[PDB]
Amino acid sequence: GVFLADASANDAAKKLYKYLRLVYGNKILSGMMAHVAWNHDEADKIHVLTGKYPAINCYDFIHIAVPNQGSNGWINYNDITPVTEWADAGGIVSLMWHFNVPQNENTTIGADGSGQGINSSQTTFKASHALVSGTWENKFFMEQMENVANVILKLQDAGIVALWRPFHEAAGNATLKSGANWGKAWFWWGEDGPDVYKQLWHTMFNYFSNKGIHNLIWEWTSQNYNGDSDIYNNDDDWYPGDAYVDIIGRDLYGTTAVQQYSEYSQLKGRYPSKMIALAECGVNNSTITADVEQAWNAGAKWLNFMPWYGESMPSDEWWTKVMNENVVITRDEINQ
């Protein structure tokens, strides 16, 4: 896995990947999620609080399908300045995509984001139909994958390269051993099982490649054992394969240092050739997410961490400690 999965990855993407492999196991990159979608507002807040920016900022294509975008629309993916200005200042770019779909075949998504859903409790959209020409699902799926591809191509033209983490947490709770009704995926892209899921991943990978997109480092998000191998199988059957994945990510909320080491070490053992990343973290209902240095010293040597915004966001005290830990790379420390 020393070279990127994309055989035609461009100069700058190969350079970013080389840097990540040099960081790996020595320090951990800081990161922060957008406030919802297309900004670096939370990274900015961390800078106001600590004097330092997170090294990585993640943007979400969640609302790509909303109509009437523009400078006084609700959102505007056509303006890539929130991303390019981050890169101009030396930050690293991360991208993800909560793949919202219309709630049903008769629903027009609203300019304010209404009319969208992401799993079967919210939409009739079936994963197994997304790849079948002639279905309403396939028409929307191809139109929005094209819209996202086209934004990424504009980013590429402007010199941007990015971590790309689509179709995440695919297995959800579907690996629950008992087979109870709540043992189900929580995003539509996993609700028709692992083979359809891997088909979706392969399809996007080959489509992006066919579109000439070569600025991405691909990150597949594993559920591991969902915290308990006693009652969950792991999600190895959902892994899209070495030729389609550069980095393995794991999303953990409210987890202690030793428990993070358990998660990191298990994934590292099953994916020996891949870097393992803490792709999402944050507080949960009752507990904080472990201090980063404490987790690192417990053995959880993630490539990077990225907390979520909102109710999940770690406290100001948490961030002040973390951004001053020498093992944590901040934006001003990537290159000096």
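In this text, residue numbers run from 1 along the sequence as written.
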(message) Highest mean C-alpha temperature factor of the two stretches 190 to 198 and 175 to 183, which is it?
(response) 175 to 183
(request) Higher average CA B factor in the deposited record is what I'm after, so tell me if that's 129 to 137 or 214 to 222. (result) 129 to 137
(message) Can you tell me which of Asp60, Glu42, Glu311, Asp291 has the maximum CA B-factor listed in the PDB entry?
(response) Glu311
(request) From the list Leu95, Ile92, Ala111, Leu155, select the residue with the highest C-alpha B factor recorded in the entry. (result) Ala111
(request) Sort the modelled residues of this chain by their C-alpha B factor and say whether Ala9 lands in the lowest, middle or highest third. (result) highest
(request) Would you mind ranking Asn304 by its C-alpha B-factor against the rest of the chain and naming the third, lowest, middle or highest? (result) lowest
(request) Quick one: classify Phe208 as lowest, middle or highest third of the chain based on its Cα B-factor. (result) middle
(request) Taking the values exactly as deposited, rank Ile231 by C-alpha B-factor within its chain and report the matching third: lowest, middle or highest. (result) highest
(message) Going by the CA temperature factor in the PDB record, which third of the chain does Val327 belong to: lowest, middle or highest?
(response) middle
